[PDB]
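Now for the letters of each chain:
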Amino acid sequence: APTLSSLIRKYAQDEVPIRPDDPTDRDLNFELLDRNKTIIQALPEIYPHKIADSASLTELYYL
Amino acid sequence: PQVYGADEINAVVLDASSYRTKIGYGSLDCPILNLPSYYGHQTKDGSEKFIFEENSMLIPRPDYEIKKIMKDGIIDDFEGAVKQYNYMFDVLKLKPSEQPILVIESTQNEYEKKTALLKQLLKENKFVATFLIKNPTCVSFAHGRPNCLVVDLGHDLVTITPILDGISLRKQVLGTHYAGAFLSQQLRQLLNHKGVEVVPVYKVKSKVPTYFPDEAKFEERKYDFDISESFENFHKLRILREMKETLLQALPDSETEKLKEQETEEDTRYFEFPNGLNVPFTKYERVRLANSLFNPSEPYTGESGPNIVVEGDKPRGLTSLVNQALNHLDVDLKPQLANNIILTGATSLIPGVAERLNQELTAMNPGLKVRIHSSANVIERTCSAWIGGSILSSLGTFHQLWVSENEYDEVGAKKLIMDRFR
Amino acid sequence: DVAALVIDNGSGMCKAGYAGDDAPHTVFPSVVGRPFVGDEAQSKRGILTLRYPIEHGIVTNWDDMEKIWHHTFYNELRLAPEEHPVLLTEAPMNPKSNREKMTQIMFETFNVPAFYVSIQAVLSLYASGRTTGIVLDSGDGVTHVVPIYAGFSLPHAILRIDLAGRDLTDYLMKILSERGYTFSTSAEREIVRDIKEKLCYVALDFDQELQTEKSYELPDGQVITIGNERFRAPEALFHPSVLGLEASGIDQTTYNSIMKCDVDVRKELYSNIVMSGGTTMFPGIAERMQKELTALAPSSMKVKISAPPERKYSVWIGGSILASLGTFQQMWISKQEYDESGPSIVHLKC
Amino acid sequence: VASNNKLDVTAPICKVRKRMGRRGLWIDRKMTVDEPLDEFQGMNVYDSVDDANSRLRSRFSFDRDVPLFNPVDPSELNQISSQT
Amino acid sequence: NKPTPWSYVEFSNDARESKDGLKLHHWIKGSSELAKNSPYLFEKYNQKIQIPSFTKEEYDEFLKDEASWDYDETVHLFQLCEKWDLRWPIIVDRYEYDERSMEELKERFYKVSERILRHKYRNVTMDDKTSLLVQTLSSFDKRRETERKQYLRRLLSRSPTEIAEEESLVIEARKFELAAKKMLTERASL
Amino acid sequence: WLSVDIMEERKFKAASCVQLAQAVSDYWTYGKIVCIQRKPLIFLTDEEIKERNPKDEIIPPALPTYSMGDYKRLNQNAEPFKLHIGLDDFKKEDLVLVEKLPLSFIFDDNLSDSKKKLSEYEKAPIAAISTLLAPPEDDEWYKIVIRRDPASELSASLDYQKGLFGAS
Amino acid sequence: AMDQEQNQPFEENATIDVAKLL
Ligand SMILES: Nc1ncnc2c1ncn2[C@@H]1O[C@H](COP(=O)(O)OP(=O)(O)OP(=O)(O)O)[C@@H](O)[C@H]1O
Ligand SMILES: Nc1ncnc2c1ncn2[C@@H]1O[C@H](COP(=O)(O)OP(=O)(O)OP(=O)(O)O)[C@@H](O)[C@H]1O
Ligand SMILES: [Mg+2]
Ligand SMILES: [Mg+2]
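Looking at the entry header, you'll see cryo-EM listed as the method and 3.4 Å as the resolution.

Okay, here's the thing in C-alpha cells:
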C-alpha cells in the first residue's frame, strides 16, 4: 500500500513511451489464421502502412 | 549486366593529418600503416642517420632528437617529409610507375607546398597518376553523405568545413586553435600546479604500487648518455594520450551545481603513471577539463595556447563555433547542412561531448532539426579520411580526373592544374 | 562434406598435414635450387644454388613457389587437389597484390574447389583455447605482434619486428667466430643453429648472470666450449643493439602495441597474452618476458604469459582446428565465386 | 485512433532492403523495436565499471539502428515541463 | 570444371580530356581479345551539361542588357557555370572577380543572358517544345526571391516561445484532426 | 553505393569473424562433437602422380549496426544469426519477396533514358524551416507487414457436413 | 615430430551438443 506522497511523486516521473512501430496488443496476433487469409505487403519505410481518417480543420471549423 | 560495381585500380591512398599519417591500398578497408607525424634524427656520428619507424623512435639513443612535421595540417620540413614518404613507400613494398597515388590534405594549404609535393610525386618517385582531394570532402566520402557539415575535432586544429553536393566551400571554413593540444597544455599545467612530476617509461626499471600522493619508490635505469628534451616530451605525449583517454568526461554545464556534491561522493579515480604515483583526480577537475573544449574558461593563458579567432575578443568554443558556421550559410541550404552533421576526430571518444553538443545546438538553434551523425566503430572515427580516399580511388567514374605526368608537363604551370584538376 | 587440406608456409620450413590431426604429416625446408626441390635438392649444392622462394613473409619469386606447392601437393601428401579444398597461411600486413596473385595462381593452376587464406598468428591464437590476446608471433624471418579481438586483428595495432631466428643465428656465428671457432659452412651454420636450440636459455637478468659453462661435441669429432654465449644470445633478442639493428626489443614492442589498442580491451589483453613461434621457445623466455612486462605494466592489471609446449607447430595446429570446424565450411571461397568476381574476391571474404 | 476495435494491419515484422554489393546480394536489417539499452580507497580508472559503461554508452548513442525517442514537442523550447 | 581465367589488363581512355594515355590497371574477366574495348565503361557517364556560350561578337546583342556588368565579369560567370555543373553556392564561393556580387544578382544576370541569347537564336526559326518551355520558366524575377529569402530568414530568426507555440498549435490541430468523424456524428445526433 | 557497401561489409566481416571465434571457443569446451564427421582419405598411388548455404547463388545478409564494442555481448534473439543462406529456397515462401524487391542504390537505372536522382530536400518546394516540416530521410528501405486479405472479410456461403438427415 | 597432447574435455560428449548447449 503506497503512501499518498508516493503516488503524487510517481505521476511526475513521466511515462515510458510506446513507439508507433511496436506491437501494441492491437495487431493480427501473427499468422494464427489461415495462410490463404493473409497477404504480405512490402512498403517503403517512408510511406505509412496504416493511416487514420481525418477531415481538414478548415472544413471542421466551417461545419 | 548493369555496372553497379565500382572498378579498383590498386591505387595507394596517402594522408598527412596533423598527428598521424595513414597510408593504405585502394580497395581495402583499413590502412596498412599509420606512422605518427614525427621523424627522428641522430647526429652523434659524422654522418647523418634517420629513424622513421614508430617503434624504433621510442628507444633511447645517445644523440637523438625528434622534430615535428605536421604543424597545423600544412606540410612543413618538406625535406624530411619526402624522406618519410619514401621510407613509407619502401616499407609497403609499393611498385612505382604502375600505381596511381591519391594524396589527401587539409582545407588550407600553401600553393608552393602543393606545387612541390606534386613535382616530387611526378618527377622523382615516377608515379603515373596523382590527385589532391580536400580532406573534408574525403571524410564526407567516407561517411557516404555528400551534403554534410564536417566538424573535425583533431589534435591541433578544429576545422568546420561546410560541404555542398560533395565539394567543400573554401571561404566558409572556420578554423579554431582550441583542440586536443589545448587539452594537453591545460592538463600539463594542472599537473604542474599539483606538483606531480611525470617520468618517461624507459626510465622505470623496477617499481611498486603506491596510492599515496607523496613520492613513490621507482628504481631508475640511468644510461651513460644524455637524453634530449624533445625525446622526453614525445614519450610524455603517450602518457597524456592514455590519461586523456581514461580520465576525461563532459557534462552539460551543470558542474557548478554538483561542485559541492562531487567531493562528498568521493568518485575520484586514480591514473597510475609509469612512476607509480596514483594521483587522485576529483570529478570536478575532470569535468572542467573536458568542458574546456566548449568554453575556454581557463584564464592562465593556456601555456602558449592564446586567444584565437576564426581562421587563426573571446574564444568561442565548439558549440558557438558550430552555431556561427551554421549562421553564415545561406537559408536555401542551411537545413540540409543542419540535418547532416558529421563529427569526426579521435577526441570525440571523450564521453558526453557529442550529446551535450547536440543539446546546445538544438537549444540555441530552435526550430531547425539538428541531428548529429557519428560513428560507432573506432576505426571509422580514427581514419575516416583514409576511408574516403580509398573509396574515391575505387570509384569507376573518378578515373577521368587523374593528373598525368605528361599532362603536368604539357600544362607546365601548376596553377592551371590546381584550379581545375585539383 | 569432404576433408579440408591445410598447408602452412613458414619462412624456415613449410608445414602441411590433414584437418583434425594433431601433427603435420611432413615438414620440409621449402628451399628451391634451380640448376629439383626440397632438402634432397639442398643436398646437391654444386650444380644448383639454394634459394628461398619465401623471404621476410613476401614471395620473392612465384616461379619457384609454384614448384613449392607442386612438391608439397604431389610428392609429400599426394592427395587430389581437384577435389580437396586447400587452406593456406599468410603473414599479416601482406601487400594486396601478393594475395591477389596467390589466389589467382591457385584457382587457375591447381583448380582447388575452395581456397581460404587467414592470418597465421590468429590461427596460432586459435590454439590454446582463447579467443582474445596478444600473439607474439615470431617466425624464422619476421616477428609479429597482433592484438586480437574475437579473431579480428585490430588493423592499426600490428607492429612488425625485423628480429628473426636467422639474424640471431648469424649473431651466434659471429660470437663463435670471435671465440676462436669459425664455421663457414652452411651445414656448420645449421649445426650452430642446433647448438643454440639445445643449450641456450634465457637469462633472468643480463647483468646478474654476466658477473657470475657448457661444451658440446661437434659432429665431425671435436668438442667446442662456450661459456657466455649460452645467455648472451637470448638477451640479444631483448636488446638488438649487439645486432646493430635500430628495431626495439620484444618487451618494448609489446608494450607499445598493447597501449596502441583500445583501453577497454587492455585489461583482458594483458591477462590473455599468448606467445608462439619456433624462435621464441627458448628456455626461460616466459619468466623474463613476464617480469619486464610487469615492470612496464600498470599495477592494477594482471600479466599472465601462456607459453604453450606445442610452439613449433602451434600455427598449423590452430589452422587444422579451424578447418575441421563445421561453421568454417561456409567461409570457403567457392570456385564459382572466383569465376564470377575475379581474384579481388579474396579481400572481401577472407 | 479512438476506437479500440481490431485492425487489419500488424506492426512491421521486419525491415529489409535488397542491395547488390561487390560480394553479391545482401539484405540489410535493423531491429523493428528498440532494445532497452544499457543491458549491461579511490578506485583505479581501469577497474571503474561505471566509466567503461559511460564510454560504451556515449560511443553507441548517435548512429544506432533505431534512433532515440527524441520527440518533437514544444516542452523543451518553453523551458518548462511537458506536463505544465 | 575450371574457372574463366581473370587477367590484369592496362585499361584506358576513361574519356579524360587531354588525350593522354594514362593507363590504370584493372582486373578483367576472360581473355581481353576484346582489349581495345574502347567503350571502357564509365565513359557512358562522361555526360557534360550543355550551356550555349557567347563570344565578343555576340556581346553586341548583350550590350543593351551597383551592377556595373561588363564583358569580363560575364565571361567569368559563364566559365564558372560551365566548369561547376550549375551549383549556385559553389559558383558564388569560387567566384573571385569582386565580392559585391550576391547570389540572386548572379542568378538573374545568368538567366536574362541565357534567355536573350536563346531568343536571339530562335529568331530566324521559331523555337518550340523543350526549348520554348525553358524560355518560359526563365521569366523569373529577382525581387520575389529576395523577398523569399528574407521571409525564410525572418521565420528562422523567431523567438523560441513563438515557434514552440506554433508547434503546439500544429500538434493540437492534428490531435483534433484525428477524431473528426466521431465529433461530426455526435454533432449531427445532437 | 560503394559507401553503403563498405559500411555493411565491415559490419558483416566483424560479425562473421566473431562468430568464427565463438565457434572455436565452443569447440575447445564441448569437445570434438561440433567438428565435422570427416570422410575417408583417397590416397593415390605413385603412378597417378606419374601421369600428373555454402553453395548456389548465395545471398549473404548483413548485421545490424553496433560494430565491435557492443557485439561481444551477442545481442541475439535466441540463436546465432543467419550469415549465409545459399539454399536460396527460403522455404519457397520468401523467394518471390527476395527476387522482386528493387535493388537499392543502383548506379544505372537499366539504361532507361538518362534520369537524375536529386537531393530529397530539392524535391520539396518547402525549405523545411521547421522541425515538423522535415521531409523523409529516404534511406531506401522496405518494411514488411502481414495483412488480413480483404476477400477473407467478404461474406461467404456456409460450409458444413450433414448428419444422419437434414440434407435438402 | 610427435603429438604432444589432447584436451577434449567434453563437458557434454552426449552427441547432442545442445544437451548442455540448451
Ligand atoms: N580516445 C581518445 N580520446 C581523446 N583523444 C584521444 C583518444 N585517443 C587518442 N587521442 C589523442 O587525441 C588526438 C586526436 O588526433 P587525431 O588522430 O584525431 O588527429 P589527426 O589524424 O592528426 O587529424 P586532425 O588533427 O587533422 O583532425 C591525438 O593527440 C591523440 O593522441
Ligand atoms: N628447438 C629450437 N630451439 C631454438 N630455436 C628453434 C628451435 N626450433 C626452431 N627454432 C627457431 O625457429 C625457426 C623455425 O621457424 P619458425 O617455425 O619459427 O617459423 P616459420 O613459421 O617457419 O616462419 P615465418 O612465421 O617467419 O613465416 C628456426 O630457424 C630457429 O630460428
Ligand atoms: Mg591532424
Ligand atoms: Mg613462424
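J.: So, the coordination of the magnesium ion (ligand 3): which residues are in play, and what are the values?
T.: Residues and elements named next belong to chain B. Summarising the metal site, the magnesium ion (ligand 3) is bound by the protein donors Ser18 (N) and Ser18 (OG), whose distances to it range over 2.1 to 2.2 Å. The site at the magnesium ion (ligand 3) holds six donor atoms, and with the angles between them running 65 to 163°, its shape is irregular. Position of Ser18 among the secondary structure elements: in the loop between strand 1 (12–14) and strand 2 (20–23).

J.: Give a detailed account of the UniProt feature "binding site: ATP" (unreviewed entry) in chain B, specifying residues and quantitative values.
T.: All names here are of chain B. UniProt feature "binding site: ATP" (unreviewed entry): in the numbering of this structure it lies at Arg20, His155, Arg241 and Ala346. Among the polar contacts made by the side chain of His155, one reaches the side chain of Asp156 at a distance of 3.2 Å. Inspection of the secondary structure assignment puts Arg241 in helix 6 (residues 229–247). Ignoring anything within four residues of it in the chain, the contact list for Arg241 reads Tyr19 and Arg20.

J.: Just give me the short version of the site of ligand 1, but keep the residues and values in it.
T.: All names here are of chain B. Around ligand 1 lies a shell of 14 residues, among which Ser18, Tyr19, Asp152, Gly154 and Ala346 are the nearest. At a separation of 2.7 Å, an oxygen atom of ligand 1 approaches a polar side-chain atom of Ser18. Here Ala346 contributes a backbone N or O atom positioned 3.1 Å from an oxygen atom of ligand 1. Surface burial for ligand 1 is 86%, taken as the share of its 660 Å² of free accessible area covered by protein chains. In terms of residue count, helix 6 provides more of the shell around ligand 1 than any other element does, three residues in total.

J.: Could you give an account of a positive patch on the surface, naming the residues involved and the relevant values?
T.: A cluster of basic residues, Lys115, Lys116, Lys117 and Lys123 of chain F, forms a positive patch at the surface. Following the sequence through the fold, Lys115 of chain F ends up in the loop between helix 3 (95–99) and helix 4 (120–123).

J.: So what about the site of ligand 2? Which residues, and what values?
T.: Residues and elements named next belong to chain C. Around ligand 2, the structure places 21 residues, and the nearest of them are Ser11, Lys15, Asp140, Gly278 and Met281. Here an oxygen atom of ligand 2 and a side-chain polar atom of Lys15 are 2.8 Å apart. Summarising the interface, the protein chains cover 92% of the accessible area of ligand 2, which totals 640 Å² for the free molecule. With three residues, helix 6 (residues 186–198) is the largest single contributor of residues to the shell around ligand 2.

J.: Run through the sheet that holds strand 3 (residues 26–28) of chain C, naming residues and quoting values.
T.: All names here are of chain C. Across the sheet, which stays open at both edges, the five strands sit in the order 3-2-1-8-9 with mixed pairing between neighbours. One side of each edge strand has no neighbouring strand; the edge strands of this open sheet are strand 3 and strand 9 (115–119). Ignoring which end each strand starts from, the neighbouring axes of this sheet average 20° apart. Alignment of strand 1 (residues 5–9) against strand 8 (residues 86–90), held across three bridges, turns out to be parallel. In the strand pairing of strand 8, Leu5 is matched with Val86. Lying over the sheet, helix 3 (residues 96–110) contacts strand 8 and strand 9, oriented at roughly 150° with respect to strand 9. On the sheet, helix 12 (residues 314–324) packs against strand 1, strand 2 (14–18) and strand 8 and is oriented at approximately 150° with respect to strand 1.

J.: Just give me the short version of the domain arrangement of chain B, but keep the residues and values in it.
T.: Residues and elements named next belong to chain B. Each domain of chain B was delimited in the assignment, giving domain 1 (1–135 + 385–422), domain 2 (136–178 + 316–384) and domain 3 (179–299). Each of domain 1 and domain 2 has a C-alpha centre, and the two are 26 Å apart. Carbon and sulfur atoms make up 61% of the area that domain 1 and domain 2 hide from each other, which totals about 1700 Å². Counting across the domain 1 and domain 2 interface gives one salt bridge. The salt bridge partner of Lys68 is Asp156, with a shortest N-O separation of 3.1 Å. Ranked by residues supplied to the side of domain 1 that touches domain 2, first place goes to helix 13 (residues 384–394) with seven residues. Taken together, the residues of the side of domain 1 that touches domain 2 break down into ten nonpolar, six polar and five charged.

J.: I'd like to hear about a negative patch on the surface, residue by residue, with values.
T.: Residue and element names in this part refer to chain B. A grouping of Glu257, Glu261, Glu263, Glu265 and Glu266 is seen on the molecular surface, where their side chains present a negatively charged patch. Checked against the element boundaries, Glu265 lands in helix 7 (residues 259–265). Classification of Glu265 as partly exposed rests on a relative accessible area of 39%.

J.: Report on the UniProt feature "binding site: Mg(2+)" (unreviewed entry) in chain B, specifying residues and quantitative values.
T.: Mapped onto this numbering, the UniProt entry annotates "binding site: Mg(2+)" (unreviewed entry) at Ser18 of chain B. If sequence neighbours within four positions are ignored, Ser18 of chain B has contacts with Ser37, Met70, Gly73, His155 and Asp156 of chain B.

J.: Run through the interface of chain F and chain D, naming residues and quoting values.
T.: Contacts between chain F and chain D engage 41 residues on the former and 35 residues on the latter. Elements represented by at least two residues in the side of chain F that touches chain D include exactly helix 1 (2–30) and strand 1 (142–148) of chain F. Among the elements that make up the side of chain F that touches chain D, the one with the highest residue count is helix 1 of chain F (eight residues). Of the residues assigned to the side of chain F that touches chain D, the class counts are 25 nonpolar, four polar and twelve charged. Two strands pair when backbone bridges link them, and strand 1 (residues 14–16) of chain D and strand 1 of chain F are joined in this way by three bridges, in the antiparallel orientation. When the sheet's bridge partners are listed, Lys15 of chain D is paired in strand 1 of chain F with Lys143 of chain F.

J.: Describe the arrangement of the chains, listing the residues and the values that go with them.
T.: The interface with the most contacts, out of 15 pairs of chains in contact, is the one formed by chains D and F. As for chain C relative to chain A, no contact occurs, and the smallest C-alpha gap between them is 29 Å. When C-alpha atoms are compared, chain E and chain G, though not in contact, are closest at a spacing of 37 Å.

Conventions used here
Residues numbered from 1 in each chain as written, not as in the entry; some residues may be left out. Chains lettered and ligands numbered in written order. Part of a larger assembly, values for the part shown. Heavy atoms only, no water. Residues with missing side-chain atoms left out of burial classes, pairs and counts. Donors = N, O, S within 2.8 Å, 3.2 Å for Na, K, Ca; no water. Tetrahedral: all angles 85-135°; square planar, octahedral: opposite > 155°, others 65-115°. Helix = DSSP H or I, 4+ residues; strand = E, 2+ residues; numbered from the N terminus. UniProt positions renumbered as here; feature names shortened; annotations may be inferred. Polar contact = N/O pair within 3.5 Å; in protein donor to acceptor, adjacent residues only side chain to side chain. Contact = heavy atoms within 4.5 Å. Near = heavy atom within 4 Å. Areas by Shrake-Rupley, 256 points an atom, 1.4 Å probe, with all protein chains shown as cover. Patch = residues over 30% accessible without salt bridge, like charges linked within 9 Å, V, L, I, M, F, W, Y side chains within 5 Å. Salt bridge = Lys/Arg side-chain N within 4 Å of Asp/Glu carboxyl O. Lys, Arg positive; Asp, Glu negative; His and termini not counted. Charge placed at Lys NZ, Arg CZ, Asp CG, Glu CD. Pairing = 2+ DSSP bridges. Axes fitted to C-alpha atoms, helices over the stretch in contact; angles between N-to-C directions. Domains from an automatic or database assignment. Buried area = accessible area lost by both parts, 1.4 Å probe. Nonpolar A, V, L, I, M, F, W, Y, C, P; charged D, E, K, R; others polar. Buried < 20%, exposed > 50% of the residue type's maximum accessible area, 1.4 Å probe, protein only.

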